[PDB]
Every structure is written in C-alpha cells, then in structure tokens.
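Single-structure report; data block below.
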C-alpha cells in the first residue's frame, strides 16, 4: 500500500475543510440521564484516544508505509465523511465508518451508508436495518412464489400464463395466510398493494388480481422492472427472474449479516465509551 502521513492531521484537516464536527450525543436507548452534546473534534486528546482504538499510534501521529487494507480503509473513511459535509456527526457513526472499513468486520457501502445516515440523524440503525430486511425478505418471498410456478411449467414442458390466467399474487394462501386481515398487515401485502392489478371475469363478476406480469413489470420494488414481457411462455424470462432472485437474495443475506455485525459494533462502542 501507499505511504501516508499523520491520520490525525489528515482527519482534522478534512473535518475543517468540510465543516464537520463529531459529537457524542445522548442515546435514549442506552443512557440513563440526558447530557449536553460532547464535541470530540474540539478535544484532540480525546480524538486521539478514539483513533487509537482502531489504529496504531504510529499511523495516528506519523503515518508510514500502510498496507493495502489500511490505505483503502482510510480512503473509505474520508469518502464517508465527505459524503455528509456541514454536519454535526454523531461519534457512533464515525466509529461505525472506522470499524466497518478498517477491520475484518466489513459491511458494503450501500448498507453502511444506511447505518451511518441513521446514526447521524439520531435514529436507531438496528430498527432501520430490520425494516429494510423485512421489505427485501417479502419481495424475495413473492419472487419465490413466481419461481415455483415457473419451475412447475418448465418441468412439465408446459406453458405459463402471466397475464389474465396468471396465479393471483394477492391470494393470501400463496404465503401461508388463512386470515385476510392478518395478510393485509404483512410485509408481503405492503409490496403487493403498490402493484398494478389486472381485471378478470369470474362467474360473470369482475375480480382483481395481481398477475405475475403486473409484479415483474413494476418499478415499485427493490429489483426494479422487467421489460418486453409476454403474456405466456412455453417450455416445449426464467433466466431474468433467476438473476433478479439471486440479486435480491444477496442483498437480503448482506442485510442479515449486517444486523449481526451492527449488534457486535454497538457492544464495542459501549465498551469504548466506558474507557473514555
């Protein structure tokens, strides 16, 4: 990796350039009494102690010949800081950036940014991750229903209709529900209620469904739209669905792992504050 000089001086200059300060603020989920914000970028000795949790004194004060992990880690911490200029950061957010960039515990930019923004806006990042994971998990569940129906026709060399003779993705029974009100409270329903509907006639009455085509072609989901969709497919798309399902499954798996890693980080942060 490259040569560097003092990480302390580098960060001090950056937060000055970008008009950032970093403060410990009261957290109602952790602290017993409310206290005034403690600005740690106003106390260089305290800032050095915080950096020393992650870095050796050598890097903090003098720089040196950094390994690739460290050079890349510092670059990433700087980019996270620069992404939220003119802000009073919470220390927990800055420490999360450090922890999830410099250590063996790694979270990718997409998820780490969600965490950091939550912390900086005085939220509970655990709650934010849970909410995101629930939506992704429900979208994946819907895709698994679609995949199962496709695979049935592929196995039988048959023809799946994804339009007016589609399975109805709004049928609670596809997701294990036996009560409509309970289904309407589900993460699945929250996705499905945003989807286009197709009108079909049953026994001379109109019935609304969410067709496979309605769902797949919709922009209002994490995986985005599939285009050029036909009303039926014969096996005497399935690749695109498999790709989207794999992408979605990856994101869901990473959110899941991020919840475990954030739990551990919060324990570490609490431990470090005790030493401060």
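The table for this structure:
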| read-out | value |
| --- | --- |
| For the chain, share of DSSP beta bridges that run antiparallel, in % to the nearest 5 | 80 |
| Stretch gain in nm, segment residue 122-residue 159, where the contour uses 0.36 nm per residue and the Cα spacing is subtracted | 8.1 nm |
| Mean separation of Cα contacts under 8 Å (6+ apart) over length of segment 78-121, as relative contact order % | 45 |
| Virtual spin-label span in nm between residue 141 and residue 9, 7 Å along Cα→Cβ | 5.6 |
| Distance from segment 186-225 to segment 135-166 (C-alpha centre basis), Å | 13 |
| Rounded Å value of the spacing that divides the Cα centres of segment 48-87 and segment 110-125 | 20 |
| Spacing of the two label points (7 Å from each Cα toward its C-beta) at residue 16 and residue 260, in nm | 4.3 |
| Residue-averaged [θ]222 nm for the chain, counting only DSSP H segments that reach four residues, each worth -39500 (n - 2.57) | -17500 deg cm²/dmol |
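FYI the Cβ positions are ideal-geometry reconstructions off the backbone, even for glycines, and counts take in every protein chain you see. None of the figures in this text is laboratory data; all of them are computed from the coordinates on show.
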